[PDB]
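Notes follow the structure.
Chains as they are written, first to last, in PDB author numbering: chain A, 1 to 160; chain B, 1 to 160; chain C, 1 to 160; chain D, 1 to 160; chain E, 1 to 160; chain F, 1 to 160; chain G, 1 to 160; chain H, 1 to 160; chain I, 1 to 160.
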């Protein structure tokens with residue numbers, strides 16, 4: 001009748017608020033951000049990645065159609081994870097008073113660490129664009145049938 | 001009758017406000033900008049790339065003709081993406097008080113990083129000019145037929 | 001009858017205000033400019049290249065003769081593009097207080113970067129002179145017939 | 001009646017969006033790209049090869065004619081595969097500060113690795129041009145009959 | 001009646017805008033260019049080779065005469081392809097500060113690679129001159145009959 | 001009556017402005033030029049070879065006499081081509097600060113490359129002098145009859 | 001009635017997809033390939049030889065005519081086997097940095113091994129052309145009678 | 001009535017586009033090519049030999065006359081095959097930095113291999129010239145009768 | 001009436017533009033050329049041998065007289081063929097830096113190969129001089145009668 005089958009396998013903790021909406025459109029404006037920097041990595045973490053928290057725990061999937069994508073197992077298991085952490089976490093302070101005097105990338109840190117955060121960011125953002133608008137994850141009509149066993153009949157003023 | 005078919009595949013989040021108008025003409029004036037620099041990379045991100053946000057979600061494609069180009073899948077998937085991020089993101093501060101004293105491109109950063117942002121910018125801007133005025137993406141008459149299934153009949157004061 | 005045929009292919013965004021007039025004559029006075037420098041690259045960008053913006057969108061090509069050249073596809077796709085960006089973009093500041101003390105072209109930048117902007121400028125300016133006064137682009141009489149389909153008949157006080 | 005016969009043999013995952021359109025025309029503009037380089041190999045991967053993803057899973061082949069080519073088994077099994085990977089994958093960074101000082105192709109990498117990526121690219125691009133405009137793969141009229149068994153009869157307002 | 005016959009065999013993606021016009025005349029001025037160099041290989045790619053994109057897809061071959069040459073299968077399949085890629089793709093940077101100190105063609109690259117790009121360029125440009133002004137490809141009167149089946153009759157104000 | 005016969009075979013793109021005038025006289029002054037060098041190869045390309053562009057496309061060969069030579073097929077197909085490219089293309093920079101210290105023709109380039117540009121120049125210039133003042137190409141009176149079919153009769157104020 | 005007779009003798013694992021189609025035509029284009037080399041032996045293996053996998057296991061030989069050739073026992077038992085392996089398997093790497101310095105075919109491998117792969121390839125490709133367009137293997141009408149015992153009668157809507 | 005008789009014997013995969021046209025004329029210009037070399041063997045393979053692909057599969061031999069020659073069984077079975085492969089396949093790289101230092105034809109390869117590719121090329125090209133303009137293969141009027149059985153009668157608007 | 005008789009035997013692809021004109025006179029000036037060398041073999045190929053391409057396909061032999069010689073079958077089948085290829089094809093590079101140090105004709109190539117190209121050139125050029133000004137090939141008046149069957153009658157303004 002109406003159930004999830006094998007362990008309590010749920011991952012409506014990661015992504016399905018997110019599919020159409022906040023994914024392809026915010027990805028472009030937010031591709032445009034403060035990266036070399038400090039402020040863009042910090043706030044990005046915050047908006048797109050920390051919230052895709054679906055109201056779908058179990059309480060309501062009566063909207064029978066499909067927009068919402070159970071974006072999790074396939075595409076996202078590289079991206080949302082490796083990328084979320086891959087950009088350098090927020091503590092960046094090199095500067096003394098004068099911007100380059102002299103152990104600015106000699107003795108505190110080095111080139112490759114800081115700079116290569118910024119293009120690890122780059123292509124992971126795009127690989128999200130093509131694949132989640134098509135590739136396997138979408139929770140539409142015969143696919144929400146696949147996760148929860150769907151059979152739930154009610155007739156008169158059962159809907160009030 | 002009237003529908004998008006396979007997942008909810010939409011990318012009217014990236015480009016179709018943009019085709020004729022803001023693309024070939026702004027591309028020339030905006031090819032002319034502050035690049036070596038700081039201020040030109042920052043504001044460019046802002047204008048041309050961050051807004052091509054089409055009013056076309058689904059609410060109105062009654063203007064039957066074709067100007068507007070669903071500039072997305074083919075040409076733009078290199079360009080608008082690799083280029084948007086490729087120019088160096090906005091944090092640039094080397095200078096102390098005296099412009100070259102002495103670890104200005106010795107100890108803080110190096111030649112190739114800064115300089116090669118500016119011509120990565122160069123040819124990507126032009127490759128956009130030839131290809132989007134011709135190459136495959138345009139959403140004209142039998143092409144808007146291709147995305148949304150088009151059949152929508154109404155007779156008298158249905159248009160008021 | 002009266003139309004542009006295949007996508008909305010237009011590039012009257014790049015050059016056709018420009019042909020006779022501002023091209024061969026300004027090219028000589030403006031060949032003579034501040035280049036090694038800072039001020040000549042900045043203002044050049046501004047005048048000749050940033051404006052050739054034709055009033056010809058579609059609103060008026062009733063001046064049946066041909067002077068105006070749809071200078072775009074053939075000659076200009078090297079030149080107006082590679083050259084516009086090729087000269088070094090405007091941020092140039094090496095100097096401290098004393099013009100050569102000592103990392104003036106040792107530690108901040110190097111020889112080839114700065115100097116070779118100035119003769120990349122050189123021969124691209126001339127290759128524009130010979131080719132656009134003859135080579136293929138000109139929008140004259142049976143050539144404006146070629147772009148827009150030309151058939152538009154009107155008799156009495158249709159011209160008032 | 002209407003079916004694919006032996007295992008679930010499908011490869012409408014690789015190429016059939018692609019035949020006429022994006023193949024012979026993009027192949028020429030995209031033959032012209034940044035190869036020695038870094039940026040051209042990276043974005044090429046992205047556009048032509050990563051998307052030929054057909055909307056044809058099974059949901060719609062009612063367009064009875066033939067343009068679309070089930071470009072897969074014969075021609076493409078060398079090309080789209082060996083070539084997609086054959087050009088050097090995107091990590092290229094040799095340079096220090098001064099372009100040739102001294103283990104630039106002595107101690108980090110060697111001649112043959114980098115250089116021979118660029119002409120492996122060369123002839124594989126052309127061998128695609130001649131063969132896919134003729135050679136065996138095309139899914140036209142009696143050929144779409146061959147894959148799916150075709151028999152599907154409907155009379156009145158079955159088509160609405 | 002009016003059709004292309006066997007697969008959808010089309011190559012009006014490669015060359016037929018091009019025959020008389022831009023081919024023998026631009027070939028001479030453009031034979032004269034920056035080759036040893038960097039800037040001439042880059043812009044050449046751009047102009048002559050990347051655009052010969054014919055407006056002839058299928059929409060208009062009512063100009064019954066023959067100038068335009070379906071320059072593709074025979075002559076061009078060596079030349080436009082092997083040559084387009086054969087000249088060295090655009091990334092050239094050896095120089096440090098002093099033009100020959102000391103691994104300038106010892107440790108970074110070697111003689112034969114760079115130099116032999118420039119005369120591979122040489123004779124391929126000429127072999128294009130003799131052969132495409134005569135050799136087999138031209139789409140004139142009984143030859144446009146050969147590709148599209150030509151039969152299309154219309155009498156009165158069918159031409160308006 | 002009045003026509004060019006077989007494909008559109010034209011090569012009034014290469015040489016016929018040129019015959020008497022600019023050929024034997026400029027050949028002597030221009031034999032005398034900066035060759036070992038840089039500046040003479042660059043400007044030579046420019047003047048004599050890049051312009052022989054005849055105003056003769058088709059618009060006017062009413063000057064019935066013969067001076068002008070359709071210098072193309074026979075003599076020039078070695079010379080104007082092999083020579084135009086044969087002299088070393090313009091990028092020449094060996095020097096450091098001190099003219100011979102020490103990899104000046106050891107490690108950057110070698111003897112035969114540079115030096116043998118200058119006498120490849122030598123004898124090709126002369127072989128042009130004897131042969132184009134006599135050898136087969138000249139477009140005089142019964143020879144302009146040979147290319148265009150010549151028959152064009154007009155009587156009274158047809159010439160005004 | 002309807003059966004294969006002696007052991008389960010089947011070799012519709014090797015060739016019968018293949019006869020007309022992919023054999024004489026691909027054999028010519030694919031005769032033209034990268035052999036001395038590395039890339040041509042690798043991809044050839046892949047396309048023509050690794051797939052001739054017939055959909056004919058047993059599920060459908062209702063297409064009563066004969067095109068398809070059970071190309072196996074006679075011609076192919078030399079060729080498809082000895083040749084498939086005979087060209088040198090794909091691991092080829094001699095080169096150091098400089099193409100011939102000095103144990104390039106002295107100490108790593110020797111002449112006869114590498115070179116004689118390439119003409120073992122040569123004549124085996126042709127011997128396939130003459131013999132499989134005529135010689136004994138073809139599975140046509142009274143020959144498919146020979147393998148499977150053919151008797152299978154059905155009358156009305158047994159064919160639906 | 002209208003048929004090919006014994007197996008499905010077809011070789012309109014090898015040559016019959018080719019007879020008059022591209023054979024005797026391209027054979028002379030293409031006899032003149034880069035052979036000792038690398039570039040001429042590679043592109044030759046490409047043009048003349050890889051395409052003679054006839055549109056004649058079976059779809060149209062209504063052009064009753066004879067020009068087209070079913071150039072296959074007799075003359076070509078030496079030539080187009082032994083020659084196509086006989087010239088050395090395209091991988092040629094001996095050179096280090098200095099053209100002859102010292103195992104250039106001592107330790108990497110030897111004299112006879114490289115040099116004798118170039119005159120194997122020589123006489124095979126000519127033996128094609130005499131024999132295919134006369135010798136047995138031509139598919140003219142009573143010869144196209146010989147391959148396909150020719151009987152096909154139709155009267156009124158059967159030809160429209 | 002007016003026809004070529006047996007296969008479509010044509011060789012107006014090889015020589016008949018050529019007879020009087022370009023043959024005995026260019027043969028002397030061009031006997032005088034750069035042979036030991038590189039540049040003379042390359043350009044010779046180009047001029048005299050690659051073009052003798054007659055405008056005579058079939059379109060016009062109304063010039064009833066005889067100058068033009070169908071120089072093909074008899075004399076030329078040795079010469080134009082064996083000689084065209086016999087001189088060494090254009091790749092010649094032995095030299096290192098110092099012209100003879102030490103494997104200049106020891107280890108790279110040997111005496112007989114290079115030197116004996118130059119006198120194979122010698123006597124073949126002369127044997128062309130005596131024989132083609134007399135020996136059998138000439139297409140004059142009763143000889144153009146021999147190839148095409150000549151009968152073509154027209155009276156009044158059939159010649160306009």
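The beta-carbon is built from N, C-alpha and C at its ideal position, and this holds for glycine as well.
Count the other C-beta atoms from every protein chain shown that fall within 10 angstroms of the C-beta of residue i, then say buried if there are 16 or more, exposed otherwise.
i: residue 89 of chain B; result: buried
i: residue 135 of chain I; result: exposed
i: residue 87 of chain G; result: buried
i: residue 36 of chain C; result: exposed
i: residue 122 of chain C; result: exposed
i: residue 141 of chain C; result: exposed
i: residue 26 of chain C; result: exposed
i: residue 32 of chain D; result: buried
i: residue 126 of chain F; result: exposed
i: residue 63 of chain C; result: exposed
When the cut-off is 8 Å and only beta carbons count, does residue i lie next to chain E?
i: residue 76 of chain F; result: no
i: residue 159 of chain B; result: no
i: residue 22 of chain H; result: yes
What do you reckon, are the CB atoms on residue i and residue j nearer than 8 Å?
i: residue 23 of chain D; j: residue 132 of chain D; result: yes
i: residue 187 of chain B; j: residue 18 of chain B; result: Outside the shown range of chain B (1 to 160) lies residue 187 of chain B, about which nothing can therefore be said.
i: residue 149 of chain C; j: residue 34 of chain C; result: no
i: residue 108 of chain B; j: residue 110 of chain A; result: no
i: residue 92 of chain B; j: residue 144 of chain B; result: no
i: residue 50 of chain F; j: residue 29 of chain E; result: yes
i: residue 82 of chain B; j: residue 42 of chain D; result: yes
Could you tell me whether the Cβ of residue i comes closer than 8 Å to any Cβ of chain I?
i: residue 66 of chain F; result: no
Any beta carbon from chain D within less than 8 Å of residue i's own beta carbon?
i: residue 53 of chain H; result: yes
i: residue 112 of chain E; result: no
i: residue 50 of chain E; result: yes
i: residue 95 of chain A; result: no
Against chain H, does residue i count as a neighbour if the rule is that its beta carbon must be under 8 Å from one of theirs?
i: residue 116 of chain G; result: no
Examine chain G for any beta-carbon lying closer than 8 Å to the beta-carbon of residue i, and answer yes or no.
i: residue 13 of chain H; result: yes
Ignore the nearest five residues each way along the sequence and tell me which others in residue i's own chain have a CB closer than 7 Å to its CB.
i: residue 56 of chain A; result: 12 and 16
i: residue 72 of chain D; result: 11, 14, 15 and 137
Enumerate in chain order the residues of its own chain whose CB-to-CB distance from residue i is below 6 Å, with the five nearest sequence positions on each side excluded.
i: residue 161 of chain I; result: Past the boundaries of the shown model lies residue 161 of chain I; chain I is included only from 1 to 160, so the question cannot be answered.
Would you verify that the beta carbon of residue i is, or is not, closer than 8 Å to some beta carbon of chain C?
i: residue 9 of chain B; result: no
Checking contacts by CB at 8 Å: is residue i closer than that to chain B?
i: residue 105 of chain E; result: no
i: residue 69 of chain D; result: no
>> Quick check for students: name the residue ranges of the alpha helix (DSSP H) that lie wholly in the region 9–93 of chain G, counting only runs of 4 or more.
In response: 26–29, 39–44 and 76–86
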